[PDB]
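The chain that follows stands alone, in the form deposited in one PDB entry, written as structure tokens.
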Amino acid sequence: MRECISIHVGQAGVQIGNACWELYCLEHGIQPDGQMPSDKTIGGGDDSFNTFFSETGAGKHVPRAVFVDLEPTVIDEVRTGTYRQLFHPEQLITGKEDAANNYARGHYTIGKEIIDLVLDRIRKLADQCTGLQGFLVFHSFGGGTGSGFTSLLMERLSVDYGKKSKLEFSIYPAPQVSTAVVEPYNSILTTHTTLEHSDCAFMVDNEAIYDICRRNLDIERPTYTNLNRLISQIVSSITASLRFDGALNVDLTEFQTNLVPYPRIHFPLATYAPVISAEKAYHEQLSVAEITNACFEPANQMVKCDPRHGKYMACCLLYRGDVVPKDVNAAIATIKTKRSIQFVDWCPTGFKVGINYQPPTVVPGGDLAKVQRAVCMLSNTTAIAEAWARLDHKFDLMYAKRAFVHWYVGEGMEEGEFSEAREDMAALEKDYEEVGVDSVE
């Protein structure tokens, strides 16, 4: 059967992963001990879905996952948690010390000693898979592990595995909020090393989700646990058709094809519209038109950028639940009638549609309401260039004075590596500009 491997690098990746595996265990009926109770009524089957969980003869389901942080805290919170008996004991704390928010430590000093083991475990997993269809890498531009180790890992995987869809889910650095003084450097170096290996990087920002949880869910003091549970749903919307049945199923390659026109503009943004409290779950219809328009509101985007300052190169709308195709046809027509939503002249067919019959699950203790309809929008737009520009400018403001560089050079790096990276990003900005120029004979 079809199988995908998730690699949760870093603190951020692991937290997103814990949320995601909570969600998947709830969706499929698995308990934190790995033991499904209702297979006694099924007698085998495939509802213990092989896209994520491998099954033993003893009735234990083990996720196809790998966890790396290069520090012992976060995974030790798993070994001593509710899901300590689910994951294989090969969760990889070989991290006697961390990367100190230095890509150089994450890619060379401690990039090595640990990656051989990571790759051996991935090899063991993939040998257990018949139809391996892609990788999902959860990480963060901003740190060292989630930047350098992810870069190195993608490099090795593009050698050992090759033409397998390597999708990424990355925390993008925000314009105002930032938990570190050296995120621009790391982000730029990571996008330099990854952009020749990744196929589609789904970018999120935390300011956006804070504003969403405030305006819509009405949480005035949210934390990361309240955030990642949204991100999980996005993955559950991307990975639905590989598990459940539907009318328009979307395999992973369909993203890589439809959202990536040119091989360097594979940076689409994620969006989830019906983010409503149980209070506002009443008072509202929650029809396809409402959700599909909410997905296009700039205030409900999960990346702090305005599509109105740019153009849409593509959009993939993945629906879940009591959804009829006519409603989607009508909705996309209403959007194409609206003038604030401008598309490129070279994409008259700009919409991809997917409909699954399985509605989302409500995680116990969560902030989201039970719904009959859910929608995830993955949109490739020219706006994010502005975001990139911001990062590049920050880089300049420090690289002019060579600040924080002796920590990188001091851990195995040449200074030229910086300049190189910047140039690539500049080119990328130009490439974005080049795809906004309307065509003339």
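What we label the rigid core is the largest C-alpha set whose atoms superpose within 1.5 Å from one form to the other. One-based numbering along the sequence shown.
Only in words, not in the display: the form deposited in another entry, which the text now covers.
A 2 Å or larger CA shift between this form and the one not shown, after fitting on the rigid core, occurs at just one of 115, 93, 129, 78, namely 93. After superposing the rigid core, the Cα of residue 48 is displaced by 2 Å or more between this form and the one not shown. In the other entry, the CA atoms of residue 47 and residue 23 sit farther apart than in the displayed form, by at least 3 angstroms.
The pair residue 75 and residue 94 is at least 3 angstroms closer at the CA level in the other entry than in the present model.
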